[PDB]
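Before any questions on binding or motion, here is one chain by itself as structure tokens, the form deposited in one PDB entry.
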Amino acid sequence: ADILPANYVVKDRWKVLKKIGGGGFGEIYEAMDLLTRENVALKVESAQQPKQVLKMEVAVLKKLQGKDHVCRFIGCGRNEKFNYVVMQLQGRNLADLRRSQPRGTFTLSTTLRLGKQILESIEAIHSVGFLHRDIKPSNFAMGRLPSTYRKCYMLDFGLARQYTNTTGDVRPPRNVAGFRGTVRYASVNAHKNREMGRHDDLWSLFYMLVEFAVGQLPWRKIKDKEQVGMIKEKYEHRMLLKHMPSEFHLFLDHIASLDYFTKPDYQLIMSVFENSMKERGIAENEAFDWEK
């Protein structure tokens, strides 16, 4: 059963309309804001749940206000039954949009333009001293307004972790860290139980764009964490570039050379996407595949 029934009113302000998803770490609802009249997104987690992600969600979301590709923060609170975060509601997510494609693939035009936007998201979260650690298509969605439908947003921050400390320096990595995020888009370092860094969020971006353009990843059907890790360790990553723009070699070589300590060259990755667009006559004003 759902944590919240339909028509439930959170803090005499947010009326639950329907459940829109969730799964692991909690549930997400569409709610009507009775004070603003705006349809909002409401994230709730049981107060008797062992892992409490919503405190992190709020901290990162607050830090990212003013930045592009982030939901506006509406409110938050906690009671004896559940914890909640209220934020700007968006349109369809990228995993849903990709699955709705005829061949489950996007065009290089959509792939490259989403890549630019997701990369700007990653750069922004890293700029406030946090790692995302759960970069996947279902964590990104297009806007639902006429002024936002072409903009891509980073939806969740539950598995995020501060990599900087109080003084603005990079904190020492732990000798071991428990696996965080999706199994499909996790880097080989995450599979090895190593402390995740900025480069690991760029590995997830790399895998996601290959899946966008090709429609699948070699380890698509394998659910076992260890088995996927062995495939990724053994798999010659150059093979993933077979149907990708040629500048993607530069992207793969860059991330493969990084570690926890080294700041990524975000501009190098951006130039890969920009050159892959200009060399194909791809315009920034083009329509996305779902608009076709």
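Start at 1 and count along the sequence shown; that's the residue number. Think of the rigid core as the biggest set of C-alphas that the two forms share within 1.5 Å after superposition.
The PDB entry reports B-factors from which the mean C-alpha value can be compared for 271-279 and 13-21; the larger average falls on 13-21. According to the PDB record, 34-42 carries the higher mean C-alpha B-factor of the two stretches 34-42 and 257-265. The PDB entry assigns the greatest CA B-factor among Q162, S127, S187, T166 to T166.
Taking the deposited Cα B-factors for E80, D200, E123, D134, the highest one is held by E80. When the CA B factors of the chain's modelled residues are split into thirds, the value for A59 lands in the middle one. For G229, the recorded CA B-factor ranks within the lowest third of the chain. Only modelled residues enter the ranking. Annotation for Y207: CA B-factor lies in the lowest third of the chain's modelled residues. In the PDB entry, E247 places in the middle third of its chain by CA B-factor. The deposited CA B-factor of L217 belongs to the lowest third of values across its chain.
There is another form of this protein, the form deposited in another entry, and it is not shown here; the text below is about that form.
After superposition on the rigid core, the single residue among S187, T111, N139, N83 whose C-alpha moves by 2 Å or more between this form and the one not shown is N83. Superposed on the core, the two forms differ at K51: its CA moves 2 Å or more between this form and the one not shown.
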